[PDB]
Amino acid sequence: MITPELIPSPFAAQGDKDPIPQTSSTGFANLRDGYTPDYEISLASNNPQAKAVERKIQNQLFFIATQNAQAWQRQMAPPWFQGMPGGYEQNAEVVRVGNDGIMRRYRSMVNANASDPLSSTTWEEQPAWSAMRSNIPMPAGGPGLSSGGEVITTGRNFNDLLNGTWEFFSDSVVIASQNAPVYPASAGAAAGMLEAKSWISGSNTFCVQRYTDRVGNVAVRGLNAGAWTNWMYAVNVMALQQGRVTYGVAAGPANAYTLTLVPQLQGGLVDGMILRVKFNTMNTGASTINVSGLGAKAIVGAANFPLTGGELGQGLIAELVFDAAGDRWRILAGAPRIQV
Amino acid sequence: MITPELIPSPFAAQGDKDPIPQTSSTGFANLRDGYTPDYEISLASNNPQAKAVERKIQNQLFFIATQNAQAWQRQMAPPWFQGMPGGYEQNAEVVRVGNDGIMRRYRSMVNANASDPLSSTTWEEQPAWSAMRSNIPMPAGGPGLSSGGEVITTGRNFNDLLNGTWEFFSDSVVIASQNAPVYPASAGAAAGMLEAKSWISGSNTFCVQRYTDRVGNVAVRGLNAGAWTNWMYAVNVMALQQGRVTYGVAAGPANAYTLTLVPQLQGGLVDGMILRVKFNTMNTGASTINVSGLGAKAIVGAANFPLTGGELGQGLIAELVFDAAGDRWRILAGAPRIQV
Amino acid sequence: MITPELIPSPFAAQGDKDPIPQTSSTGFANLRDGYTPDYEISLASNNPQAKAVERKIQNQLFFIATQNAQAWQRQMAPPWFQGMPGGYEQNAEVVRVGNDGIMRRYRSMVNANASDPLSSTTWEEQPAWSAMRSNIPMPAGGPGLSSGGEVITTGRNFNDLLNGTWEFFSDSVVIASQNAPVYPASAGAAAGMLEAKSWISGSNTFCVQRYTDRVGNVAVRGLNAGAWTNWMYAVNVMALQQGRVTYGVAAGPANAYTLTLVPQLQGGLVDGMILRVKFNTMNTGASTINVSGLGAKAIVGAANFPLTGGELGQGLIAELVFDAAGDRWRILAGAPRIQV
């Protein structure tokens with residue numbers, strides 16, 4: 001850390017200057033010999049090549065040194081010079097006037113790189129750090145440029161979660177998060193990341209966010225017309241093996257032997273929902289049971305007879321299904337077609 | 001821009017240059033004082049301390065500047081130097097050329113560290129933008145340096161995707177794009193992003209295609225040998241409660257009942273597959289039942305009464321499955337049998 | 001390779017120096033004109049403009065050159081010169097003194113940016129690849145900084161790898177390696193990508209690891225207390241379509257039946273859980289069935305009492321349910337009824 005002085009203009013910027021050659025003829029300046037020793041010789045002594053210190057050469061030498069320092073201060077990188085002799089070793093970094101005069105860092109991939117970086121595929125153009133933060137499909141910590149915030153101490157609420165790897169740090173604190181992405185019968189989300197991405201179709205915004213919690217359920221929700229739809233939670237093979245969706249314990253006191261459905265039918269009931277209905281006591285008769293708390297259907301027999309006698313009994317599991325036209329509990333197992 | 005035109009070579013770098021000492025007790029051109037006041041005495045004074053201006057020092061002075069300038073021009077970063085006084089400050093970078101010969105830029109991750117950058121963990125190697133863009137395993141828009149192409153412009157085949165995720169700003173683009181899957185409880189994909197990550201094991205481009213919509217319906221597949229495999233869709237909880245895929249309604253020809261299912265039934269004939277069917281009419285004779293038109297086979301139950309009539313009550317589902325090797329439907333659930 | 005020897009201290013560091021005048025009316029070593037033509041007349045002629053080369057002017061010139069060169073050699077880059085003529089053009093990464101004490105590189109993005117790097121949004125950092133990659137949840141090579149190591153042809157240990165993406169060049173070498181997922185209706189994991197990442201959680205820092213195989217059937221799992229949870233093989237909608245996962249072909253000897261299927265029914269028999277099991281032969285009386293060794297319970301009919309026989313045909317697939325209080329499995333449908 002040493003700070004040079006601001007070079008406003010190189011020395012002898014608008015002064016007479018002469019080009020310093022590489023080869024010598026007489027007691028003249030060079031670039032390999034520089035000031036010649038042999039014809040260094042007494043200038044006021046009538047000697048053949050007797051030379052004097054050259055104002056033009058020394059002024060241009062100072063001009064060159066000051067120009068290099070000035071360009072170093074401003075652009076931090078030598079401009080790539082057209083067909084410079086000697087070539088470029090690979091991984092060399094330069095910046096030079098681009099197509100528009102807009103310039104970016106260029107790094108060469110080949111030795112003896114004689115091609116101009118604007119015309120070279122070997123020279124690769126290197127933009128800034130925002131280009132990395134864009135190249136990641138979702139920036140860590142949301143729009144936040146720094147990685148800090150990618151893991152969140154308090155469960156990041158999903159009322160504004162649209163993008164970014166908002167990793168969730170403490171499961172207990174995420175239990176308090178609203179719009180919790182956990183399958184039903186679970187209170188709140190656990191620790192884990194959210195692959196969340198958002199893309200704008202004009203004024204409207206479409207986005208989706210997926211998230212695997214500690215337990216393992218994969219919850220993915222998408223914004224619909226400016227409002228997030230409730231998460232979809234992956235049906236795990238343990239979930240299917242449990243079969244909690246299609247069965248419950250028997251509930252309801254009279255003319256109803258409903259099952260408290262955990263989980264209940266999301267999005268209502270449409271056609272032929274199958275439930276292995278439990279009856280800890282014998283069915284009363286035409287039972288208008290409120291399965292899932294919203295589907296209220298009256299059970300009638302498959303033989304168009306009431307199920308009061310012998311069809312449904314106590315301590316029973318018997319699968320009952322909807323009717324599309326009837327919206328009634330037709331039997332799939334347990335209540336038979338009685339002989340008479 | 002200010003263009004410090006490249007000097008072909010340093011000044012006097014084949015001739016003579018006496019090194020510049022740090023201090024000179026004899027009052028010569030040192031570094032602490034530069035040109036000493038002794039270089040100001042008149043030489044005609046007959047003062048011995050009057051030092052005439054030598055050029056070996058002049059040549060070395062000009063050579064230092066010219067060589068530093070050309071190193072800046074031709075190799076960007078300063079070469080690392082053995083034992084820099086004070087080591088190197090934090091975030092200071094140099095280039096320590098390796099045995100390979102390529103320039104190896106190194107950043108100082110440790111304050112005031114003097115460790116040899118070639119064999120230093122502190123002197124971290126500064127990789128190329130290609131290295132960073134390859135170090136991200138899921139790059140948007142393939143391998144491009146730009147992050148553009150997040151949302152696909154039009155309906156285009158997902159075969160172009162190799163490794164990365166792409167958003168979808170148009171609900172038209174998801175359907176119109178080739179290889180658009182048949183979503184659960186939907187015609188096609190909603191406007192949600194899709195990931196296709198295919199490791200290029202030559203012709204065995206092992207791929208994963210994670211497709212997700214607004215509601216959270218999820219789908220996957222993978223490409224191989226010039227063709228993508230089937231689409232695996234993760235089951236829904238909302239779909240799991242209803243069981244719409246397993247549920248079905250019989251249709252088609254009389255007593256040769258087929259089925260139409262949303263989403264379409266796949267997998268063909270597999271050992272012991274559920275055939276749930278609202279029979280469109282009451283059977284009066286030889287009755288055959290199948291789902292998705294897989295195959296019309298006779299139904300045999302526990303009592304083994306033949307195809308006579310009433311075995312398939314109209315609209316009565318029956319969660320029956322066909323014998324794996326018998327090629328005949330075994331009634332499983334909801335068996336309506338009238339006495340004939 | 002051009003390595004201009006280390007500059008320990010600039011020329012005329014603590015010596016006398018004359019700040020070069022920017023422009024001089026009477027030609028006096030000004031920057032605009034350099035050494036003006038009046039620095040060439042003989043001093044003996046006594047003409048008024050007989051200037052001589054000033055020691056302090058020469059000292060200041062060489063000081064500027066050596067100071068800039070040494071700053072480049074040590075800190076890689078010029079400092080941020082406040083009061084910069086014309087601000088800083090686009091892509092200008094000045095090294096800036098830290099308020100804390102670390103040197104920090106801020107790049108001006110906008111042409112002629114003129115605000116202080118610390119207190120401006122225009123200046124953006126260009127940090128090292130370490131803190132840079134910290135923004136990637138899933139870095140290539142996992143822990144490895146380089147892109148390599150992500151793909152291992154050999155069946156590397158699944159336990160030791162904790163973060164990053166793992167690709168296996170061979171699909172079956174995943175099964176050869178430990179902790180390979182067993183997808184439904186699939187022997188083992190196919191050739192897919194494993195995304196694994198570990199977050200701090202306080203006492204038990206936790207990681208999520210999911211393998212998405214080539215077909216797409218995903219296995220989400222969670223490293224619990226350093227021990228991974230068994231892979232969660234997401235059942236897909238065509239697994240629901242086939243119904244094979246829930247289907248079972250129970251061993252058919254009379255009065256004793258054994259039930260098992262892969263993927264395993266975790267938890268075995270559950271209160272009010274039903275399974276579709278094929279009994280090949282008849283059963284004379286109260287039979288037996290169990291899953292996973294939780295408990296073997298008797299098999300009966302709709303009367304819930306030991307069966308009489310004739311309630312099942314050759315190869316009858318039956319839905320057997322288990323209730324907590326009854327502790328019995330009964331042929332719910334497809335069963336003739338007899339009262340005990």
# chains A, B, ... in the order shown; residues from 1 in each chain; ligands from 1
$ interface_residues --of "chain C" --to "chain A" --cutoff "6 Å" --atoms "only C-alpha atoms" --output "number ranges by chain"
C: 31-34, 67-68, 71, 78, 126, 135, 201, 233-235, 265, 332-333
$ write_last_selection --atoms "C-alpha atoms" --output "PDB file, in the first residue's frame"
ATOM      1  CA  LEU C  31       4.593  18.602 -18.215  1.00  0.00           C
ATOM      2  CA  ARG C  32       2.858  20.111 -21.251  1.00  0.00           C
ATOM      3  CA  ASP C  33       6.087  20.926 -23.111  1.00  0.00           C
ATOM      4  CA  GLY C  34       8.622  18.688 -21.393  1.00  0.00           C
ATOM      5  CA  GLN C  67       6.925   4.947  -7.109  1.00  0.00           C
ATOM      6  CA  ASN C  68       4.310   3.950  -9.677  1.00  0.00           C
ATOM      7  CA  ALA C  71       3.162   0.220  -6.334  1.00  0.00           C
ATOM      8  CA  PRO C  78      -3.089   1.495  -8.633  1.00  0.00           C
ATOM      9  CA  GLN C 126     -14.138  -8.573  -7.394  1.00  0.00           C
ATOM     10  CA  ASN C 135     -22.734 -18.278  -3.088  1.00  0.00           C
ATOM     11  CA  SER C 201     -28.152 -26.552  12.955  1.00  0.00           C
ATOM     12  CA  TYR C 233     -38.079 -43.369  -3.133  1.00  0.00           C
ATOM     13  CA  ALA C 234     -40.723 -41.002  -4.464  1.00  0.00           C
ATOM     14  CA  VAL C 235     -43.542 -43.135  -5.850  1.00  0.00           C
ATOM     15  CA  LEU C 265     -43.926 -51.692   3.408  1.00  0.00           C
ATOM     16  CA  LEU C 332     -63.576 -57.174   2.794  1.00  0.00           C
ATOM     17  CA  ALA C 333     -65.035 -57.894  -0.657  1.00  0.00           C
TER      18      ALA C 333
END
$ calpha_fit_rmsd --fixed "chain A" --moving "chain B"
2.2 Å
$ residues_around --residues "residue 296 (chain A)" --least-positions-apart "3" --cutoff "10 Å" --atoms "only C-alpha atoms" --output "number ranges by chain"
A: 256, 258, 287-293, 299, 327-329
$ atom_distance --atom1 "CA of residue 253 (chain B)" --atom2 "CA of residue 286 (chain B)"
12.5 Å
$ atom_distance --atom1 "CA of residue 221 (chain A)" --atom2 "CA of residue 232 (chain B)"
19.0 Å
$ select_by_dssp --residues "region 21-140 of chain B" --states "helix (DSSP H, G or I)" --output "ChimeraX atom specification"
/B:37-40,43-45,56-75,117-119,129-135
$ write_last_selection --atoms "N, CA, C and O atoms" --output "CSV table (one decimal), in the first residue's frame"
chain,number,residue,atom,x,y,z
B,37,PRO,N,22.7,16.3,-2.9
B,37,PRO,CA,23.1,17.7,-3.2
B,37,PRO,C,24.6,17.8,-3.7
B,37,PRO,O,24.9,18.8,-4.3
B,38,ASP,N,25.4,16.7,-3.5
B,38,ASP,CA,26.7,16.7,-4.1
B,38,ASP,C,26.7,16.8,-5.6
B,38,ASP,O,27.7,17.2,-6.2
B,39,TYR,N,25.6,16.4,-6.2
B,39,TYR,CA,25.4,16.5,-7.6
B,39,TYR,C,25.0,17.9,-8.0
B,39,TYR,O,24.6,18.1,-9.2
B,40,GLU,N,25.1,18.9,-7.1
B,40,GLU,CA,24.8,20.3,-7.4
B,40,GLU,C,26.0,21.2,-7.4
B,40,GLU,O,26.0,22.3,-7.9
B,43,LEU,N,31.5,21.7,-10.7
B,43,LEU,CA,32.7,20.9,-10.9
B,43,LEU,C,34.0,21.8,-10.9
B,43,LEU,O,35.1,21.4,-10.6
B,44,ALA,N,33.8,23.1,-11.4
B,44,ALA,CA,34.9,24.0,-11.4
B,44,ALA,C,35.3,24.5,-10.0
B,44,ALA,O,36.3,25.3,-9.9
B,45,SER,N,34.6,24.1,-9.0
B,45,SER,CA,34.9,24.5,-7.6
B,45,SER,C,36.1,23.9,-7.1
B,45,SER,O,36.6,24.4,-6.1
B,56,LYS,N,26.1,5.3,-16.0
B,56,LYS,CA,25.7,3.9,-15.6
B,56,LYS,C,24.5,4.0,-14.7
B,56,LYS,O,23.6,3.2,-14.8
B,57,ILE,N,24.6,4.9,-13.7
B,57,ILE,CA,23.4,5.1,-12.8
B,57,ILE,C,22.2,5.6,-13.6
B,57,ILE,O,21.1,5.1,-13.4
B,58,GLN,N,22.4,6.4,-14.6
B,58,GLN,CA,21.3,6.9,-15.5
B,58,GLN,C,20.7,5.8,-16.3
B,58,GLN,O,19.5,5.7,-16.4
B,59,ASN,N,21.5,4.9,-16.8
B,59,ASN,CA,21.0,3.8,-17.6
B,59,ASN,C,20.3,2.8,-16.7
B,59,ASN,O,19.2,2.3,-17.1
B,60,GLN,N,20.8,2.6,-15.5
B,60,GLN,CA,20.1,1.7,-14.6
B,60,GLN,C,18.7,2.3,-14.2
B,60,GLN,O,17.7,1.6,-14.1
B,61,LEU,N,18.7,3.6,-13.9
B,61,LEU,CA,17.5,4.3,-13.6
B,61,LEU,C,16.5,4.3,-14.7
B,61,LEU,O,15.3,4.0,-14.4
B,62,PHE,N,16.9,4.5,-15.9
B,62,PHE,CA,15.9,4.4,-17.0
B,62,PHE,C,15.5,3.0,-17.3
B,62,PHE,O,14.3,2.7,-17.6
B,63,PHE,N,16.4,2.0,-17.1
B,63,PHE,CA,16.1,0.6,-17.3
B,63,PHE,C,15.1,0.1,-16.3
B,63,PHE,O,14.3,-0.7,-16.7
B,64,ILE,N,15.2,0.5,-15.1
B,64,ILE,CA,14.2,0.1,-14.1
B,64,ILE,C,12.8,0.5,-14.5
B,64,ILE,O,11.9,-0.4,-14.6
B,65,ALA,N,12.6,1.7,-14.9
B,65,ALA,CA,11.3,2.2,-15.3
B,65,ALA,C,10.8,1.5,-16.6
B,65,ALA,O,9.7,1.0,-16.7
B,66,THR,N,11.7,1.3,-17.6
B,66,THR,CA,11.3,0.7,-18.8
B,66,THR,C,11.0,-0.8,-18.7
B,66,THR,O,10.0,-1.2,-19.2
B,67,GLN,N,11.8,-1.5,-17.8
B,67,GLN,CA,11.5,-2.9,-17.7
B,67,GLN,C,10.2,-3.1,-16.9
B,67,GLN,O,9.4,-4.0,-17.2
B,68,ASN,N,10.0,-2.3,-15.8
B,68,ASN,CA,8.7,-2.4,-15.1
B,68,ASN,C,7.6,-2.1,-16.0
B,68,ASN,O,6.5,-2.8,-16.0
B,69,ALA,N,7.7,-1.1,-16.9
B,69,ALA,CA,6.6,-0.7,-17.8
B,69,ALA,C,6.3,-1.8,-18.7
B,69,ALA,O,5.1,-2.1,-19.0
B,70,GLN,N,7.3,-2.4,-19.3
B,70,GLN,CA,7.1,-3.5,-20.3
B,70,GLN,C,6.5,-4.7,-19.6
B,70,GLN,O,5.8,-5.5,-20.3
B,71,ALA,N,7.0,-5.0,-18.4
B,71,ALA,CA,6.4,-6.1,-17.7
B,71,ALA,C,4.9,-5.9,-17.5
B,71,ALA,O,4.1,-6.8,-17.7
B,72,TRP,N,4.6,-4.7,-17.1
B,72,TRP,CA,3.1,-4.3,-17.0
B,72,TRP,C,2.4,-4.5,-18.3
B,72,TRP,O,1.3,-5.0,-18.4
B,73,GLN,N,3.1,-4.1,-19.4
B,73,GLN,CA,2.4,-4.2,-20.7
B,73,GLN,C,2.2,-5.7,-21.1
B,73,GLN,O,1.2,-6.0,-21.7
B,74,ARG,N,3.2,-6.5,-20.9
B,74,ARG,CA,3.2,-7.9,-21.5
B,74,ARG,C,2.7,-9.0,-20.5
B,74,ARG,O,2.5,-10.1,-21.0
B,75,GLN,N,2.6,-8.7,-19.2
B,75,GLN,CA,2.2,-9.8,-18.4
B,75,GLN,C,1.2,-9.5,-17.3
B,75,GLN,O,1.0,-10.2,-16.4
B,117,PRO,N,4.5,-18.6,-3.1
B,117,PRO,CA,3.2,-18.7,-3.8
B,117,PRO,C,3.0,-20.0,-4.6
B,117,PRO,O,1.9,-20.5,-4.7
B,118,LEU,N,4.1,-20.5,-5.2
B,118,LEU,CA,4.0,-21.7,-6.0
B,118,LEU,C,3.6,-22.9,-5.1
B,118,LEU,O,2.8,-23.7,-5.5
B,119,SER,N,4.1,-22.9,-3.9
B,119,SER,CA,3.8,-24.0,-2.9
B,119,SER,C,3.0,-23.5,-1.7
B,119,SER,O,3.3,-23.9,-0.6
B,129,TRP,N,-12.6,-17.6,-15.9
B,129,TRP,CA,-14.1,-17.5,-16.0
B,129,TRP,C,-14.6,-18.8,-16.5
B,129,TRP,O,-15.7,-19.3,-16.1
B,130,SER,N,-13.9,-19.5,-17.4
B,130,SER,CA,-14.3,-20.9,-17.8
B,130,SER,C,-14.4,-21.8,-16.6
B,130,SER,O,-15.3,-22.6,-16.4
B,131,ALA,N,-13.3,-21.7,-15.7
B,131,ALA,CA,-13.3,-22.5,-14.5
B,131,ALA,C,-14.5,-22.2,-13.6
B,131,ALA,O,-15.1,-23.1,-13.1
B,132,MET,N,-14.8,-20.9,-13.4
B,132,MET,CA,-16.0,-20.6,-12.6
B,132,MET,C,-17.3,-21.1,-13.2
B,132,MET,O,-18.2,-21.7,-12.5
B,133,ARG,N,-17.5,-20.9,-14.5
B,133,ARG,CA,-18.7,-21.3,-15.2
B,133,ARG,C,-18.8,-22.8,-15.3
B,133,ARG,O,-20.0,-23.3,-15.5
B,134,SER,N,-17.7,-23.6,-15.2
B,134,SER,CA,-17.8,-25.0,-15.1
B,134,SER,C,-17.9,-25.5,-13.6
B,134,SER,O,-18.5,-26.5,-13.4
B,135,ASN,N,-17.5,-24.7,-12.7
B,135,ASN,CA,-17.6,-25.0,-11.3
B,135,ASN,C,-19.1,-24.8,-10.8
B,135,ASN,O,-19.5,-25.4,-9.8
$ atom_distance --atom1 "CA of residue 162 (chain A)" --atom2 "CA of residue 209 (chain A)"
6.9 Å
$ select_by_dssp --residues "region 240-294 of chain A" --states "strand (DSSP E or B)" --output "PyMOL selection string"
chain A and resi 250+259+275-279+288-291
$ residues_around --residues "residue 264 (chain B)" --least-positions-apart "3" --cutoff "10 Å" --atoms "only C-alpha atoms" --output "JSON, numbers by chain"
{"B": [182, 183, 184, 245, 259, 260, 261, 292], "C": [238, 241]}
$ closest_residue --among "B:30, B:194, B:181, B:100" --to "residue 18 (chain B)" --atoms "only C-alpha atoms"
B:30
$ residues_around --residues "residue 177 (chain B)" --least-positions-apart "3" --cutoff "6 Å" --atoms "only C-alpha atoms" --output "list in words"
residues 155, 156, 157, 173, 174 and 180 of chain B
$ residues_around --residues "region 86-88 of chain A" --least-positions-apart "3" --cutoff "8 Å" --atoms "only C-alpha atoms" --output "list in words"
residues 83, 92, 108, 110, 111, 112, 113 and 114 of chain A; 74 of chain B
$ write_last_selection --atoms "N, CA and C atoms" --output "PDB file, in the first residue's frame"
ATOM      1  N   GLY A  83      -0.730  -6.556 -33.211  1.00  0.00           N
ATOM      2  CA  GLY A  83       0.367  -7.353 -33.722  1.00  0.00           C
ATOM      3  C   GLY A  83       1.695  -7.079 -33.046  1.00  0.00           C
ATOM      4  N   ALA A  92      -2.382 -14.579 -19.883  1.00  0.00           N
ATOM      5  CA  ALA A  92      -2.134 -13.145 -19.790  1.00  0.00           C
ATOM      6  C   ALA A  92      -3.450 -12.379 -19.821  1.00  0.00           C
ATOM      7  N   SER A 108      -5.974 -14.585 -22.112  1.00  0.00           N
ATOM      8  CA  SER A 108      -5.606 -15.461 -23.213  1.00  0.00           C
ATOM      9  C   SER A 108      -5.488 -16.904 -22.736  1.00  0.00           C
ATOM     10  N   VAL A 110      -3.965 -19.268 -24.968  1.00  0.00           N
ATOM     11  CA  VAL A 110      -2.908 -19.881 -25.765  1.00  0.00           C
ATOM     12  C   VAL A 110      -1.644 -19.039 -25.680  1.00  0.00           C
ATOM     13  N   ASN A 111      -0.502 -19.718 -25.738  1.00  0.00           N
ATOM     14  CA  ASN A 111       0.788 -19.050 -25.812  1.00  0.00           C
ATOM     15  C   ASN A 111       1.004 -18.507 -27.221  1.00  0.00           C
ATOM     16  N   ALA A 112       1.832 -17.465 -27.317  1.00  0.00           N
ATOM     17  CA  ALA A 112       2.094 -16.778 -28.584  1.00  0.00           C
ATOM     18  C   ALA A 112       0.790 -16.311 -29.223  1.00  0.00           C
ATOM     19  N   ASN A 113      -0.096 -15.760 -28.395  1.00  0.00           N
ATOM     20  CA  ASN A 113      -1.408 -15.332 -28.858  1.00  0.00           C
ATOM     21  C   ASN A 113      -1.279 -14.052 -29.673  1.00  0.00           C
ATOM     22  N   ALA A 114      -1.143 -14.192 -30.991  1.00  0.00           N
ATOM     23  CA  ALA A 114      -0.986 -13.050 -31.880  1.00  0.00           C
ATOM     24  C   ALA A 114      -2.313 -12.463 -32.343  1.00  0.00           C
TER      25      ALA A 114
ATOM     26  N   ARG B  74       3.191  -6.537 -20.867  1.00  0.00           N
ATOM     27  CA  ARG B  74       3.186  -7.864 -21.469  1.00  0.00           C
ATOM     28  C   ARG B  74       2.730  -8.983 -20.540  1.00  0.00           C
TER      29      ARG B  74
END
$ residues_around --residues "residue 284 (chain C)" --least-positions-apart "4" --cutoff "8 Å" --atoms "only C-alpha atoms" --output "list in words"
residues 254, 255, 307, 308, 309 and 310 of chain C
$ write_last_selection --atoms "N, CA and C atoms" --output "short mmCIF file (atom, residue, chain, number, x, y, z; two decimals), in the first residue's frame"
data_model
loop_
_atom_site.label_atom_id
_atom_site.label_comp_id
_atom_site.auth_asym_id
_atom_site.auth_seq_id
_atom_site.Cartn_x
_atom_site.Cartn_y
_atom_site.Cartn_z
N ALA C 254 -52.69 -72.98 3.09
CA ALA C 254 -53.92 -72.85 3.87
C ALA C 254 -53.62 -72.55 5.33
N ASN C 255 -54.41 -71.63 5.91
CA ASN C 255 -54.39 -71.29 7.33
C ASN C 255 -53.08 -70.65 7.78
N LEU C 307 -62.75 -68.42 9.58
CA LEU C 307 -63.43 -68.69 8.33
C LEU C 307 -63.84 -70.15 8.21
N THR C 308 -64.89 -70.39 7.43
CA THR C 308 -65.33 -71.74 7.11
C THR C 308 -64.67 -72.29 5.86
N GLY C 309 -64.22 -71.42 4.96
CA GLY C 309 -63.69 -71.82 3.68
C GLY C 309 -64.67 -71.52 2.55
N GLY C 310 -64.15 -71.62 1.33
CA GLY C 310 -64.94 -71.31 0.15
C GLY C 310 -65.09 -69.83 -0.13
#
